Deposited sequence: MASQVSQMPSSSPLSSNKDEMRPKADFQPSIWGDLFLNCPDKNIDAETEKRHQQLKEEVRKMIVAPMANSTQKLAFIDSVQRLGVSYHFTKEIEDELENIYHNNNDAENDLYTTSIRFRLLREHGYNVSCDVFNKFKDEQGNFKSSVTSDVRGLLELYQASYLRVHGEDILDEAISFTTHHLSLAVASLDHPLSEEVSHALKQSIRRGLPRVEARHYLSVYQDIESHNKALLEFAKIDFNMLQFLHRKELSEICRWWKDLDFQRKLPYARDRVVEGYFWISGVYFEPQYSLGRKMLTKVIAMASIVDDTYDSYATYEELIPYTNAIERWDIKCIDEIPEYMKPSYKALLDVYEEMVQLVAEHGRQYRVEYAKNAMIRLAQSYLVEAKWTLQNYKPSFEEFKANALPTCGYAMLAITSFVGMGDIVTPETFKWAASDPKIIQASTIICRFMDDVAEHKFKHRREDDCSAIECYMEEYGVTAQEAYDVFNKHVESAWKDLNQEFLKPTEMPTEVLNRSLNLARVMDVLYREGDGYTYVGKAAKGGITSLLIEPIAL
C-alpha cells in the first residue's frame, strides 16, 4: 500500500569511479606471506601475528601458510607453561582451525579451591585472550563456561583505568567477540586500532588498507549490477506492498562471503535474498489466505505456466522469481554445475510452504499448541535456503555430495537455524504469533524467564557450531564457513529501518574508502 523505497536512493546504482598502488599491493602480499612462514621471536609472537593477519581481513591470501604454522604450534608445545595470554590465544586460533585442544590447558590457572587465581585478575591482556577463547568452547567444558562470566566481570571493571588502544580493544570485545563477528565488519574496525598499537607491523597494515579498498571496489561493481537488475524489475510501481531491501540483502550476502573468488556467488545469492524478501512481503501483505494458497501452489509446481494460475498482482514476483533461478542455471552451466540449482530451488519452495502456515495462523488468529508451533517455527528462518544457495556459486570444493548432506539437514545448518530463529524471537518480543509469548503461556513464566531459556539455546547452538569445526568434519571448511557466517550475521545484525548496525556496516564497507 506504500511500496519501497531504499533509504540509499540511487547512491549505489552507477558503476564506481592507480597502477602504482596495485604493484605495491602485489609486492606487499608476498612480503606478508614471507613473514608468516619466517620465524618470529617466539610462538606467542607468531600466534599474535597470525591473529592480526586474520583480524585485518587478509588471511584469505595466506590459507596454507597460516595452516602450516598452526600445525607446527599444535604438535610442538610446552603447556607447562605458557602465559594465560599465550595459552588462550593458542587455544582460540587452533580450535578455530579445528585442532582438538583440551580445555584442560586452563586448569593450571585455578587454585586448589577451584577458583581462578588472584594473579589472573591483574592480567588484563590475559583476561582479554581468555574472554575471546571462551567463545570457542563446546559442550562439557565448564571451565570456559566459568571463564566467560569471570572475564566479562573483571574486564568491565578494568576499562576505566586502561590506556589506548588496549582500552578500546576491551570495550569492543565486550560488545562483540571475534568468533561471532563478521570478518569484514571486524576487519574495518581492527584496521583503526591496529595503527595505534606501537609495534604493529607497518607492511601488514598498508597491505590490509589497500586490500580493503580493492575489495570495496569489487563489491561496489557487483552491487551496481544488482541495483540495475532490481531497477528494471520496477517493483516500485508494480508492487505497492513490497519493501526495497536490496542493499541490506547484499550486505547480508557479503557476510556469507566477501572474498573475490565468491563474486558470482554474491551476485546470485543477492538476487535470491531480494526475491525471497519480496515473496515474504507478499505473505505479510493484505493478501488473503485464499490468494496465498494458489501462490504457494504455483511456487511448489515452479513453471512459467503457473503464472496464469495466480492473482494478477502476484504475477510480477512469480515471473521475477523464476527468472532468477533460470539465470543461475545459465551462469553456472559453463562448468556443468546446473545440478546445484535444483537444490536451491527446493529450499526456496520449503520456505514458501512455511510462510503459508505462518500466514494462516495470523490471518485466522489460530493459537497453536506448543509442539504445533514448535514443529513449524524453524523452517521460516531461511538459513538453510541461504547456505544451500551459497554453495551454488562456489568452486569444485562443492560437490553433488555437499548438496545431499545439506538437504539431509546437517548439524551445522541446524545450529545456525536455532541461532537465527531464537535470536529473532527474543528480539521481536523485547525490542502476531510470538514464540516468546507462546513459551510464557506453555510453561507459565515471564518474558525475562523466556528470554533466559531462549538465549541459553542460542549459546548451546553456538557450542554445536564450534563442535562442527573440530576434526574430523562432515564437510570441507569453506562449506562449513557459510553456516558460521550466517550465524555471525545474526549476532551482528539481530540483537537490539534499517538498523544502526546495517546502516553502519553498509557505510563502512561500501561507502567510505580508507585513506592511504
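Worksheet item: According to the record, which stretches of the deposited sequence lack C-alpha coordinates?
Response: Seq positions lacking coordinates: 1 to 24, 42 to 44, 459 to 464, 530 to 534.
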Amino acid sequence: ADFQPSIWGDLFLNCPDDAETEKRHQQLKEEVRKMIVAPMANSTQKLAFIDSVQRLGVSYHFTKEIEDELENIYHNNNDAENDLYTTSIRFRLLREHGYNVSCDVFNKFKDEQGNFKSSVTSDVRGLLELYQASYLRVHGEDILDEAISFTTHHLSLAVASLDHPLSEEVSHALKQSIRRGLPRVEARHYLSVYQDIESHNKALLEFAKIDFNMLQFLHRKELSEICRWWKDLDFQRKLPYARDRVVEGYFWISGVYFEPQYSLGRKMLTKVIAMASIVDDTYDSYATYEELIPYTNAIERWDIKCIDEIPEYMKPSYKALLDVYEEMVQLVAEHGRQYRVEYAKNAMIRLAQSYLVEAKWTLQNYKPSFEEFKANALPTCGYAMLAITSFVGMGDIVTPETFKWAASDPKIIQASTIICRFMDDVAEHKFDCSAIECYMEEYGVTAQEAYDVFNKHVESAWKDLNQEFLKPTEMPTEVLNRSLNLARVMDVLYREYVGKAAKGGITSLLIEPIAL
From here on, numbers count along this sequence of modelled residues.
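Worksheet item: Which of the two stretches, 6 to 14 or 497 to 505, shows the higher mean Cα temperature factor in the record?
Response: Taking the mean B-factor of the alpha carbons in each, 497 to 505 is higher.
Fill in: Comparing 191 to 199 with 178 to 186, the one whose average Cα B-factor in the PDB entry is higher
Comparing 178 to 186 with 191 to 199, the higher mean C-alpha B-factor belongs to 191 to 199.
Worksheet entry | Residue with maximal Cα B-factor (values as given in the PDB entry) among 391, 257, 251, 106 | Each of 391, 257, 251, 106 was compared by C-alpha B-factor; the highest is 106.
Worksheet item: When the CA B-factors of 288, 354, 72, 416 are compared as recorded in the entry, which is the largest?
Response: So the option with the highest C-alpha B-factor is 72.
Item to complete: Comparing against every modelled residue in the chain, figure out the third that the C-alpha B-factor of residue 399 lands in (lowest, middle or highest).
Response: Within its chain, residue 399 is a lowest-third residue by C-alpha B-factor, going by the deposited values.
Practice prompt. Tell me, lowest, middle or highest third: where does the Cα B factor of residue 336 rank within its chain?
Written response: It belongs to the lowest third of the chain when residues are ordered by C-alpha B-factor.
Discussion item. Lowest, middle or highest third: which one holds residue 468 when the chain's residues are ordered by CA B-factor from the entry?
Written reply: Lowest third of the chain for residue 468's C-alpha B-factor.
Worksheet item: Among the chain's modelled residues, which third holds the C-alpha B-factor of residue 453?
Response: It falls in the top third of the chain.
Worksheet item: What third of its chain's C-alpha B-factors does residue 120 belong to: lowest, middle or highest?
Response: Residue 120: CA B-factor falls in the highest third of its chain.
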